[PDB]
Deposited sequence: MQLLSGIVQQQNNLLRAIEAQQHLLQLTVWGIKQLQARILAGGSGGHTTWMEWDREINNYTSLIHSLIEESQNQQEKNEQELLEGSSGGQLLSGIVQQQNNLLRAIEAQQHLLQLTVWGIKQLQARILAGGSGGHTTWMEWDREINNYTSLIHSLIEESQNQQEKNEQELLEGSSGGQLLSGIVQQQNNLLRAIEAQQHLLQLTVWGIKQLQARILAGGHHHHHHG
């Protein structure tokens, strides 16, 4: 039962990571709004919240990596294998998105110092590209998994359904992440 128990736990690890990511995205959105209001014309607390959620997500990603390793090892039919791979896919998307979020945080902080880049751009582009491919690969795995269900009870179908909601939440998070990159690029243009 160690695989099935690990797969269930890994679903909760991923949800918790995505939740923590969501709070972090809201903080970067606040930061950008505040910056725009000053060029139109609390930061110590903002730093602390950024540092707290950054630490939290780091520890949640570490737990999810360690659980992934355990499940992949216990795995060694196609359904379970698909479910484990889809956990890996989602995890990779979260790791990638977190790095993009940390690049946006860096941008905010630079802009902030001047209201108190070529390499940045290149890294944003590289990770954005990566994330698009990981989302595409998760969508493909999700179709596959849904097809395997047609050909363990309601437990496995339930997990497949929740993985669809986790991917949906990653996609929504990417939509808003990409919006913060556009906002930081608009602010960058204005100071240059």
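Sequence ranges 42-48, 84-88, 129-137, 173-175, 217-226 have no coordinates in this entry (deposited sequence, numbered from 1, C-alpha basis).
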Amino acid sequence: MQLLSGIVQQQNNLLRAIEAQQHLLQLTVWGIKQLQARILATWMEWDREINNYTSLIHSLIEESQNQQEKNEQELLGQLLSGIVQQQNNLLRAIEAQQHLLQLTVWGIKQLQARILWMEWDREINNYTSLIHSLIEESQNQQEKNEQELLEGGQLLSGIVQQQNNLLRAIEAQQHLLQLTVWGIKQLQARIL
From here on, numbers count along this sequence of modelled residues.
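Averaged over Cα atoms, the B-factor as recorded in the entry is higher for 118-126 than for the other of 95-103 and 118-126.
When the C-alpha B-factors of 154-162 and 45-53 are averaged, 45-53 comes out higher. In this structure the maximum Cα B-factor among 145, 64, 36, 28 is found at 36. Sort the modelled residues of the chain by CA B factor and residue 135 lands in the lowest third. The entry lists a Cα temperature factor for residue 4 that places it in the middle third of the chain's modelled residues. Placement of the Cα temperature factor of residue 85 within the chain: lowest third of the modelled residues, per the deposited record. Split the chain's modelled residues into thirds by C-alpha temperature factor. Residue 167 is in the lowest one.
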